[PDB]
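**Student:** following this: a sequence and the matching experimental structure.
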Amino acid sequence: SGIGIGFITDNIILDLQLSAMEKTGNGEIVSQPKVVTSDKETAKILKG
Amino acid sequence: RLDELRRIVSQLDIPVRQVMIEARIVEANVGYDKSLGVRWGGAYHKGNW
């Protein structure tokens, strides 16, 4: 993701890195099955 | 009894009614997907995201 490097080598070797990651995810799932059934009777809808 | 049974016969010997049943399945799929990957890489001064 994100990195910042600062390095000295000649006088001293000092490597200083900052590594940062930010993740945002939004997921919406809307599923609607509609079934017409007779009164007092079982009915089913299946998808899969 | 013969005549009554004959009448019942007349009622029973009735053509069975056929019906044409048409059930149709409709499937619609609409998909829009966009992905953007933005990249900034330099190893010259070690700055790369």
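**Tutor:** Nice, I can see it. Numbers count the residues shown, from 1 in each chain, chains lettered A, B, ... in the order given.
**Student:** quick one: the strands in chain A, in order.
**Tutor:** A:2-8, A:14-20 (DSSP state E).
**Student:** point out the most buried one among those strands.
**Tutor:** Across the strands of chain A, averaging neighbours per residue (mean count of other CB atoms under 10 Å in any protein chain shown) puts strand A:2-8 on top, at a mean of 12. C-beta here means a position set from N, CA and C on the backbone, and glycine is covered the same way.
**Student:** give me the angle between that one and strand A:14-20.
**Tutor:** Angle, strand A:2-8 to strand A:14-20, by axes from the mean of the first three to the mean of the last three CA atoms, to 10 degrees: 170 degrees.
**Student:** just the C-alphas of strand A:2-8, formatted as CSV.
**Tutor:** C-alpha atoms of strand A:2-8 as CSV (Å, rounded to 0.1, in the frame of the first residue of the first chain):
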residue,chain,number,x,y,z
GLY,A,2,1.6,3.2,1.2
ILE,A,3,5.3,3.5,2.1
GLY,A,4,7.7,6.4,2.8
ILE,A,5,11.4,5.7,2.9
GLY,A,6,14.2,7.9,4.1
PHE,A,7,17.7,6.5,3.9
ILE,A,8,21.2,7.6,4.9
